[PDB]
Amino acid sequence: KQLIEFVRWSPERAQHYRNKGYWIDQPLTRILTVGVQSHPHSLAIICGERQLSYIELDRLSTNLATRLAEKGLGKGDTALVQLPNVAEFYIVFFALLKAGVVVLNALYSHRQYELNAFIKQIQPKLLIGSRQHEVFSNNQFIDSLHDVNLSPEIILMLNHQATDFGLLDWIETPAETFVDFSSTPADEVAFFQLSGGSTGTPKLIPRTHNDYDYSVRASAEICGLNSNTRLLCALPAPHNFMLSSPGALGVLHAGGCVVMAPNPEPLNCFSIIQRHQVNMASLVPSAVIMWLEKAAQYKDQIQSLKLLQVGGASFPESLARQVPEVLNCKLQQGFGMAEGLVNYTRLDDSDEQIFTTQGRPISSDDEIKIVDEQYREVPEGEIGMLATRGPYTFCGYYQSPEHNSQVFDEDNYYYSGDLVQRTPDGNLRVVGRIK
């Protein structure tokens, strides 16, 4: 009965964000619904040899949602999902959003310790994973949960065994009996994001439909997505970068197509890019270097690339200038965080801006503060600590009142720990990290 707890925006701000059009109080399923009404047959996801249209995605995620509601799973409940970069990931995501289950998506590289900390935290009633994952190769992990009354009520397995509940079986056919189900309220938690750079296990970040949808819609505008965008998803699908800035959600919002790749392996990525004429991709600097090493020998397979998003680490100007030259495509530099703030160079910015800065905030109502150790605003140009608050920046970690009072100040600015400086053109440059 009780919806998931989280820290809220002040009503004064919540009104402002509604008045400005940022929060439109719609569930994240809006992306699916709106898509099925306009272009039900456009391809939504390409995965290997499979072609999922928008209405194909809608029907499949409904089948799963009706069977979860049939089992009594809905509002108030949580789910732990750990799937690889395949179409099933997005079916599950939209299926849980439809059913009102707050999902935490672990990284497919997370091992037993991390998954254990997540379960002890959200106490999920549903667990979706892969039998091909090391943790679910045997039954030791699933068994250890019973000893601590943390075992879930429903466990679905991809690449399942005869005994297991086949995830693909629950997706193909809907349930026999009818049960009503609905998303959580737009201004309530939709799912959990995972912090990056956390010393211990990643901390939980509650994302509501209102704020996440906004970052998706705004990211899509600044990154130029449209119904012809074919975006390669080579990074980990659950990551904020690959999902919402602009990510798969931004592409679907624009009526485009998501092309799945197991990882950013140059040769495989290059082949997928040529096969499906991928015209956009999003990478971290380490993967870009991998692509740069192989590009010259495979210029033809990657001709169709039109725009590359690079963010998430140091990207020196000497590397930036190689993207257009070697990868034959435009460069967009970004700097974001799962906690909220997302920065991007604009597609019309100068070459000096694109090649030596990480852009500027998505929202004109993103409030930025650059301070020193005496928590005072530094003179424009100098390096300082980044504090921010906006219409898509969280207001505190899940069930972490001690930590939250350390990273949030009285005015509720969030201190990312990132060191930055504001260039004359107004753009930000990320120059280091602090702790």
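Numbers follow the displayed sequence, beginning with 1.
For the segment pair 369 to 377 and 42 to 50, the entry gives 369 to 377 the higher mean B-factor, averaged over Cα atoms. Averaged over CA atoms, B-factors in the entry run higher in 138 to 146 than in the other of 138 to 146 and 266 to 274.
Of the candidates 226, 332, 184, 201, the deposited coordinates give 201 the top C-alpha B factor.
Of all the options 284, 179, 254, 232, the entry's greatest CA B-factor is assigned to 179. Per-chain ranking of the deposited C-alpha B factor places residue 416 in the middle third.
Remark: residue 240 belongs to the lowest third of its chain, ranked by C-alpha B-factor as recorded. Residue 72: CA B factor in the highest third of modelled residues in this chain (values from the PDB entry). Per the deposited record, the Cα B-factor of residue 165 falls in the highest third when ranked against the other modelled residues of its chain. In this PDB entry, residue 152 carries a Cα temperature factor that places it within the highest third of its chain's modelled residues.
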